[PDB]
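For reference, the structure discussed in these notes is given below.
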Amino acid sequence: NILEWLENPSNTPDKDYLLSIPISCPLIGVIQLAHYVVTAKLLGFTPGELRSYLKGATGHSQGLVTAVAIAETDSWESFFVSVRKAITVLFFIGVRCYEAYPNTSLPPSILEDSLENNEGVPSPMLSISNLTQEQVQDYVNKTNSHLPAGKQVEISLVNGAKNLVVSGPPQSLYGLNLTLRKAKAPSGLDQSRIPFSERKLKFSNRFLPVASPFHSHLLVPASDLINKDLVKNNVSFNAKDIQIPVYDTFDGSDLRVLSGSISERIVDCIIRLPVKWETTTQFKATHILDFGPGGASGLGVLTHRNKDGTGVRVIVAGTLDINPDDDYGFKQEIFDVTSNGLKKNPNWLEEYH
Amino acid sequence: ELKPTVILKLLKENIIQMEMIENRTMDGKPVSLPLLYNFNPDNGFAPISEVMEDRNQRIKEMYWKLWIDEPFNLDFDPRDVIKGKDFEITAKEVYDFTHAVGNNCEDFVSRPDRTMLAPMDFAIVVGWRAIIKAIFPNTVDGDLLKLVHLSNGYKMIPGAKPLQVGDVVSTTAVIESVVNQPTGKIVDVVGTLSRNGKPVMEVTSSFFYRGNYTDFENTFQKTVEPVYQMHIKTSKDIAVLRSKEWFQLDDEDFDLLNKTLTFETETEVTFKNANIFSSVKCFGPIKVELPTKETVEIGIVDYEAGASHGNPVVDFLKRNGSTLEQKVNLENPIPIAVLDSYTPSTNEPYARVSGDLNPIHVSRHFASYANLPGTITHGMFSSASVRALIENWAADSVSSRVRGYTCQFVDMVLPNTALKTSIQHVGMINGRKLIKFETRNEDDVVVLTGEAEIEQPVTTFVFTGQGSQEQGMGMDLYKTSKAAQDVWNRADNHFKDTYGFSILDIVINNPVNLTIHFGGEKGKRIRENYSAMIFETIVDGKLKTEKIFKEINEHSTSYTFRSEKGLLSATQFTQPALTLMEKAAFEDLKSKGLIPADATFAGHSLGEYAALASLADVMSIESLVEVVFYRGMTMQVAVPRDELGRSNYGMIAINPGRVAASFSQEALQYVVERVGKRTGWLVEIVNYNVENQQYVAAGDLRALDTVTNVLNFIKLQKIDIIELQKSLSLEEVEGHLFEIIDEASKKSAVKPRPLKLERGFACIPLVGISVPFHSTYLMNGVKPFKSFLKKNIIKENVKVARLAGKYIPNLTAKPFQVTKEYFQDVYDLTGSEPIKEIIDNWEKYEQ
Amino acid sequence: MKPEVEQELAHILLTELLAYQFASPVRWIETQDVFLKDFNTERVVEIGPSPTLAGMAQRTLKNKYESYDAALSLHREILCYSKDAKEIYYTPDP
Amino acid sequence: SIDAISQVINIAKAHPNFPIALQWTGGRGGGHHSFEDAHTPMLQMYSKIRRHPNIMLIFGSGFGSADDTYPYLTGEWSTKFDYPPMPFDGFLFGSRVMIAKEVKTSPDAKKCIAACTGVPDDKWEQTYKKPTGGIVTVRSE
Ligand SMILES: CC(C)(COP(=O)(O)OP(=O)(O)OC[C@H]1O[C@@H](n2cnc3c(N)ncnc32)[C@H](O)[C@@H]1OP(=O)(O)O)[C@@H](O)C(=O)NCCC(=O)NCCS
Ligand SMILES: Cc1cc2c(cc1C)N(C[C@H](O)[C@H](O)[C@H](O)COP(=O)(O)O)c1[nH]c(=O)[nH]c(=O)c1N2
């Protein structure tokens, strides 16, 4: 009862329940569609008009559903058709994926150890910053050798050259984290007086605030059930209805050039296939509008970090705030009618040629 | 939706019927309780009177339809066994049950490549119909609307694995006790869940019919009495026991003097009235403690009386014996957690999964009629809910660890109550932790108390061998612990009485020499024991008995044991002393309830003897110290000694990683074997302790000094053996190592015979070791020692259950098993005629 | 196999195991591997006057089980009776 | 180091109209040297430096020709590390000019310098242990 929760903050369930994917999947869809509508309405565009100004759309994990949905949109009358399809895909992903891999209580000894070692509350997705994919894949290979098949972890998101996410059982990832906490040097270690090549590699690892292992073998059983639920509730995405390119999160190809079902591919990209974020963002653009949730903690700022010095300006479309560095934009930059609306980020090759 | 709950009308002219309707039923059809009232308008002040005739029957008929899926028949005997129908545990029932009680433990959740368990709480679902049928017989006449559930408890049968999805579980229930108390009738029910014929767990439920009951002919009480122990010290104690008719030895001429007896009695009682019994039966085995601390049956208690005010058997045993308490309290309770939980807004989900369709939990009208504060939470919901917390916190979410759980339903809970459960570790019972919990409501009122028995983490005991001994070892424990005192005192007495020395004196004072005097009658008896101490060898089918202590004859007045530094270092004293310190430590742990029933164990060398006496009780204390004293003497005889008691033999711990990073255990094996062959002296790798970090070389003190100097030279030259033997030259390394060995051997041979072994870079000498333990030098000792072991290890004391899978021998580093494969592997390691004969003839032993 | 026959064979096996242990090497590498790996023991309690085998288990774990123990998230307590009485008896400091 | 580059940035921020020549050298430079890689700290700090238009970014250490400096001038150097191009504003040449005619270096010291083979950037850290390309690291007072 989201309307009840929004009217009365007292009657809103606890964060753990909200975070569970049967709730969080469709509601993150709704947040993104809501930001898209606020954007379109304050510009006096129809959804299709705002869509027509876009060279392309894509999304990170379940964002890819919202990206295909807004790619289909034309008028305010038929917008709720696209909203329904998106909400329905995300409902069945949330529900089926939760049924395939429900969260269970984690041993309190594991929780106590993770909190005393300034790691997160364990979760099915661990983010590793400042290690290469090869390095992370070596540590997951070591962990996976000992573990049996149904407990094995895998690289789920390649967000950047040194920004990786590992999915699998929270206990299996706590196991990976024990292996990592040996290999990592203390944060307040001075290595300035050590030769560069002899330094102990320092990196970050935190559990993500998520409740399901997206992009993992654990959720693969849910695939067939989600596909059947979509054919039952009459949710398809036709290439000819998708007016802008929508980039696949695995190979960065346009979803419109698929032979098979786009809905089946999108489901596959969310539940099974890893997100290769630098591969999917290979498109040429001066501006990137980040509708997704998280404001400055969202996909926009991640994408900025990957694209810094190529002449791409990210705008965080969902948050009004002030960036002191002014290296990416907020909401106000979309609507500004003065020169402040058209800020270009530096391309170093051109600027210092 | 809106449904009829009550229908009030006139049945006949004068009979008011209030039909109470339950809509939440087994088959969906509503069930109606007709409450009947007389209307007598001649009594204007109170014209309505309840029809009390058949009222408990009418209530039972309703509850029967709601709870039991059988024909309504209250004419069965409360003494008879109740047979519940077979129950198949499905994933769907486990899912529904765990959600209903808020149990999020992963063992109960479907996961890939992994079998789904049922929680032990699931036992009430399987057993409810059998268990609850016990409060229904005609002779157990009570008002089910006033039924209180006092207590519930689960107990896993030792060895039994937890319930799983797929398991077909059969249930039996028996009424243990039904007794009329001043305030109501208590019914104590015991359910037994079985799977594949074998019993898995016992469910204990206590129910209370609030009321005034005086039908004492239908009451009875079975009590399992606490185990009583008597130490029979005097002949007066024996006479007092023989004066009791109930005390009935199997063998009347059995010798009770100095024996410890245990009485394991059960009391069956029938009542004439509240205070006087109409019958008393007290029966059960009387057991004597054997020297191994095993108890065996020597007779029965068999008491049978009519009208009585008491049980004289138990009164006697209380006054004269001591109570054996399985539960042992910790010094201080260890707080585990203070946990918040909630009762659900509705009791229908729990009602559906449990089959407990009691209207008082779901129907406002029944709860009102029953005078309750509202539609109270199922006590069994609160049980399962607090048990899920215990399982999570106390058992670290390993559901298999929870072996028993009992809860006392102290007070009723309303839906949407916030409960606070304090969980504490308060004691031990048989290796299991004893967890106490107390659940309070928002008003700080105790609603639920109980306890759980949680298996300790998987444990191994490892028993140290020789080298570890020091003066005073175990003497702090000996002061404090009664268990440790009994071990030491029994061994000290055996040594004093048999060999004329105190093992305690040697541990405490570590004398350099010890003279044994053979004066007087006692001295001649002790001298005989030293003389009768013989090696029993078989040579050409002939018994050739040799003497240990050659210098002791019938004209000897004394014998002096000799040492350089102290006799605690001499192996015939070290062995008993270490074995006792270890057995005393272990007996203290056992006394405190700290030993898991399924612990594994191994001992390093001598440690193996303490381990076997400790965990398996294969030998008595006396047998143990005798066996290891002999073992030590066998080793002392095998080794030449000087006047001061010094040998030309020793041991070095070699770290192959401390010489060179490329120097492996195959390189060490090679070097040691070459230093042995070149010099002709004794040196072998005997203890494999830490892979690539600690190997022990035993033998000739010169060979050990040579090996130390060779490895010191190899470390300083930084020269590899394996790289040269494979990539440079074939068998040249052998010749090259010979001259390095010769350099060290020439310097070692010059040194005097009692040469002090020096600490190398890759070698450290083992202090207080003078025998080449575990070398082939001691192989002559095996046959006499084997014959001695065969005499002193009695086969009746070998409990396979206490060894099988648990004991890891040093010889065959594999968990002990009585299989052809195990025997064959032992034969391959050490060829022996008895084992070969067992392997060949294995088929006749199987049948 | 009958209980009394199994007992007889167990007696013969045990007498032979102990008899030969005298003059056979101590395979404590393989023993530690059996109880640390094949049983995933969480509490190793060393019963002795000094921590020799505790030291050995602590070094075996560091040398060949550091990744195994991390991966399976199993916490080993290596307790010696002589030093770790409080942990073995469950008598922690107030 | 990174921290010193941050301090240079703070000075540039405080005097936004005053030209700051940030002369970046790695540990591979002649004379008193750091433990720092030449590339890694530039890859981390280049973006933050280029936010300050008054900072003129000079790359030194290890350079002796047009060929070896050209990739730093065009910015293509940073592409080998999967970063966008990162052009530099100029170069410094310490070691390279020590055998020039007008340097006071004694003839036999010039012959000694010339005879040093040097090593590529991947091997420079061997100077801490042993002679590497005829060069070694020693400690000042
Ligand atoms: C050998 C033994 C004494 C080593 O245990 P310890 O005293 O705790 O020794 P440690 O390895 O912890 O270190 C103590 C010091 O002794 C020395 N040392 C230990 N092992 C050594 C070796 N193999 N070679 C040389 N020096 C050694 C070192 O100086 C070491 O200091 P370090 O840690 O800086 O290297 C002990 O493990 C032991 O008694 N093992 C043998 C058990 C046995 O097989 N006996 C039964 C006989 S049948
Ligand atoms: C002979 C000699 C002497 C000095 C130096 C270097 C050399 C080679 N360097 C460091 C110098 O300015 C510059 O940073 C490095 O030389 C650049 O590295 P390359 O030597 O070109 O590889 C140096 N730097 C500085 O700031 N003051 C100085 O006095 C010196 N002295």
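Each ligand, and each atom within it, is numbered from 1 in the order the structure gives. Note on naming: letters A, B, ... go to the chains in the order of the sequence lines (proteins, then strands), and numbering restarts at 1 for each one. Just so it is clear, the values below take in all heavy atoms, side chains as well, and ignore hydrogens, waters and symmetry mates.
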Practice task
For atom 31 (N) of ligand 2, decide whether some protein heavy-atom distance is shorter than 4.0 Å.
Solution key: no
Practice task
Please write down residue, atom name and distance for the protein heavy atom closest to atom 3 (C) of ligand 2.
Solution key: D:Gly31 CA, 4.8 Å
Problem - Residue, atom name and distance, where the atom is the protein heavy atom closest to atom 17 (C) of ligand 2 - result: D:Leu92 CD1, 3.6 Å
Handout entry: Close N or O approach (B:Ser605, ligand 1; < 3.5 Å)
Key = no
Exercise for the section: Measure from the ring center of D:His39 to the ring center of D:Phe81 and say whether it is less than 6.0 Å. Expected result: yes
Handout entry: Those atoms of ligand 2 less than 4.0 Å from some heavy atom in D:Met98
Key = 1 (C), 8 (C)
Exercise for the section: Give the atoms of ligand 1, by number and element, whose distance to some non-hydrogen atom of B:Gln466 is under 4.0 Å. Expected result: 45 (N), 46 (C), 47 (C)
Exercise for the section: Under 4.0 Å from a heavy atom of D:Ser61: give me the atoms of ligand 2 that qualify, with their elements. Expected result: 17 (C), 18 (O), 19 (P), 22 (O)
Completion exercise
In ligand 1, the atoms that come under 4.0 Å of a heavy atom of B:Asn655 are 23 (N)
Practice task
Assign the ring pair C:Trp28 / C:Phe35 to parallel, tilted or perpendicular, where the plane angle (0 to 90°) is split at 30° and 60°.
Solution key: perpendicular
Exercise for the section: Output the list of atoms in ligand 1 that are nearer than 4.0 Å to some heavy atom of B:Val696, sorted by atom number. Expected result: 44 (O)
Exercise for the section: Assess the pair B:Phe601 and B:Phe463: is the distance between their ring centroids shorter than 6.0 Å? Expected result: no
Practice task
Find out whether B:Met651 and B:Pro772 are in side-chain contact, i.e. whether some heavy atom of one side chain is under 4.5 Å from a heavy atom of the other.
Solution key: no
Problem - N or O contact, D:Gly30 vs ligand 2, cut-off under 3.5 Å - result: yes
Problem - Residue B:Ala653 vicinity, atoms of ligand 1 by number, heavy atom under 4.0 Å - result: 1 (C), 22 (C), 23 (N)
Problem - Backbone or side-chain N or O of B:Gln693 under 3.5 Å from ligand 1 N or O - result: no
Practice task
Identify, by atom number and element, the atoms of ligand 2 in contact range of D:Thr25, meaning under 4.0 Å from any of its heavy atoms.
Solution key: 14 (O)
Exercise for the section: Give a yes or no on whether the ring-centroid distance for B:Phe586 and C:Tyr81 is below 6.0 angstrom. Expected result: no
Handout entry: C:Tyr20/B:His774 aromatic ring centres below 6.0 Å
Key = no
Handout entry: Any B:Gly465 heavy atom less than 4.0 Å from ligand 1
Key = no
Fill in the blank from the handout: Looking at B:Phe761, B:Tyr688, B:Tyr695, the heavy atom closest to atom 25 (C) of ligand 1 belongs to B:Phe761
Handout entry: Heavy-atom nearest neighbour in the protein, as seen from atom 16 (O) of ligand 2, with distance rounded to 0.1 Å
Key = D:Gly94 CA, 3.5 Å
Problem - Non-hydrogen atom of C:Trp28 closer than 4.0 Å to ligand 1 - result: no
Exercise for the section: Determine, using ring centers only, whether D:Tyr72 and D:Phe59 are less than 6.0 Å apart. Expected result: yes
Exercise for the section: Quick one: look at B:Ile764 and ligand 1, take heavy-atom pairs under 4.0 Å, and tell me if it's side chain, backbone, both or neither. Expected result: both
Practice task
Please verify whether a non-hydrogen atom of B:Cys763 lies at under 4.0 Å from ligand 1.
Solution key: yes
Practice task
Could you tell me whether D:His32 approaches ligand 2 through its side chain, its backbone, both or neither, with non-hydrogen atoms closer than 4.0 Å?
Solution key: neither
Practice task
Consider ligand 1: state whether an atom of it lies below 4.0 angstrom from any non-hydrogen atom of B:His604.
Solution key: yes
Handout entry: Ligand-side contact atoms (ligand 2) for residue partner D:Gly62, heavy atom cut-off under 4.0 Å
Key = 19 (P), 22 (O)
Problem - Where ligand 1 meets C:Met56 - atom numbers and elements under 4.0 angstrom, heavy-atom basis - result: 40 (N), 42 (C)
Exercise for the section: Consider every N or O of C:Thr52 and every N or O of ligand 1, then say whether any pair is closer than 3.5 Å. Expected result: no
Exercise for the section: For atom 19 (P) of ligand 2, find the nearest protein heavy atom and state the residue, atom name and distance (0.1 Å precision). Expected result: D:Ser95 OG, 3.4 Å
Fill in the blank from the handout: Nearest heavy atom to atom 17 (C) of ligand 1, choosing from C:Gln58, B:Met651, B:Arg759, belongs to B:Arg759
Exercise for the section: Indicate yes or no: does C:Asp33 engage C:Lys64 in a salt bridge with an N to O separation below 4.0 Å. Expected result: yes
